[PDB]
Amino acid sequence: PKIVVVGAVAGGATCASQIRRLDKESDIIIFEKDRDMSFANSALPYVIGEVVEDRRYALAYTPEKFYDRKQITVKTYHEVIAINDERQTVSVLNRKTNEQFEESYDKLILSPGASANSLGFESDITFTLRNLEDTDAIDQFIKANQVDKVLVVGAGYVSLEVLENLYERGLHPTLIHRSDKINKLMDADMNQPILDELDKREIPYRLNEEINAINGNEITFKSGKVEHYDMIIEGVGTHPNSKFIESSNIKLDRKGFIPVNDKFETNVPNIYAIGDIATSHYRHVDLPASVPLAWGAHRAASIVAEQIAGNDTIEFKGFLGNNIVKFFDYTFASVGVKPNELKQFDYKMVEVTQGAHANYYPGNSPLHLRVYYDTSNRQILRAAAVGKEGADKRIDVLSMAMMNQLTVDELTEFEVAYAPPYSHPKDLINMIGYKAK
């Protein structure tokens, strides 16, 4: 079938590649509105911190390379501006010429993702981060202005990674956030180490703080404070890239995302939507979910490839929402329903704080693991772990347990890999099970 993919990055290039693995005959074209395909979105903060030095590390492919290797055509600086879904074509603006044309399809895959929000100030010193053009502009500006003091606005996990990288590069960031709900995928009492790590490094922060006005480099804040900053990086949320879809028959929710079934189909035949634009449901509970992270983009890209060109019985089973961030010496990881969704259930909480590994073994640190379960059926609803060591291991185990709607009591039965450097004969996970009675 002739395949048109919109977006050439985490969902779209992956989906196209997966289809080509299954099907060597079909014509596949991807349209990408910006300069680069297949950049490593998650590497971008580390490119700013110069922790990833070789900036080609964050760019897997050029169009010429993709055609050479996979016989897939990728057109950059080509923005899909309308879907003419009844005629099965898309309208495409060639952004270099400002001429538009239609591209026909038998199957359309929409992976256009999300764009950064802006606070909307008229300011040359403010930047957002979503692609490699942005990473380049930020790096350029730091060098051209010898940036030292940088205001980081927003306290979500990417803004935090940007802050850390700026600090390691030698700059002096201050963090602000409009509320006290920092790193909101993690339980709010368990985010305290973020604020400790900032305090330990004397990196200033102010929560429930916002920009009121910008006059050149002089920033006035809601608190009444006035400070000079050489550069501002705004991490103030994202919005779905669906304006080009509104005129078509595809159903959007009230926020502009595309609800999909378990085959990533939209309500319109022959159109699929994957990645951050798609909304689905949890695997382990009957609630809607949106989980705009890399794993879901790559997983949906594979399921859609199977749907189109492989085994059409392969269908998504829903999300668990496994997520994680590093901030300085700590890891913060959670999975399951979000904090604010716990109230849809009758639930209890169990938690342990114990050494990541045997206490006498050096380099130990306290790991805090918390699990919420549903009192009607003992099923695990959510887990969270924070520590210098071992958080990602416990959370990945519990994601595997929730995939199987395992109960909290069955955690006593989990058979850990135990030697002194790694865990305890009764691992933290087992202790949750023992403590749940």
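Start at 1 and count along the sequence shown; that's the residue number.
- Of the two stretches examined, 42 to 50 and 393 to 401, the record assigns the greater average C-alpha temperature factor to 42 to 50.
- When the C-alpha B-factors of 371 to 379 and 62 to 70 are averaged, 62 to 70 comes out higher.
- Ranking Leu129, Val152, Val158, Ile277 by the C-alpha B-factor listed in the PDB entry places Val158 at the top.
- Set against one another, the Cα B-factors of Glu103, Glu315, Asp230, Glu79 in the record reach their highest point at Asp230.
- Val147: CA B factor in the highest third of modelled residues in this chain (values from the PDB entry).
- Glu197 sits in the middle third of its chain by CA B factor, as recorded in the PDB entry.
- Annotation for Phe244: CA B-factor lies in the lowest third of the chain's modelled residues.
- Remark: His424 belongs to the lowest third of its chain, ranked by C-alpha B-factor as recorded.
- In this PDB entry, the Cα temperature factor of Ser115 sits in the bottom third of its chain's modelled residues, the lowest group.
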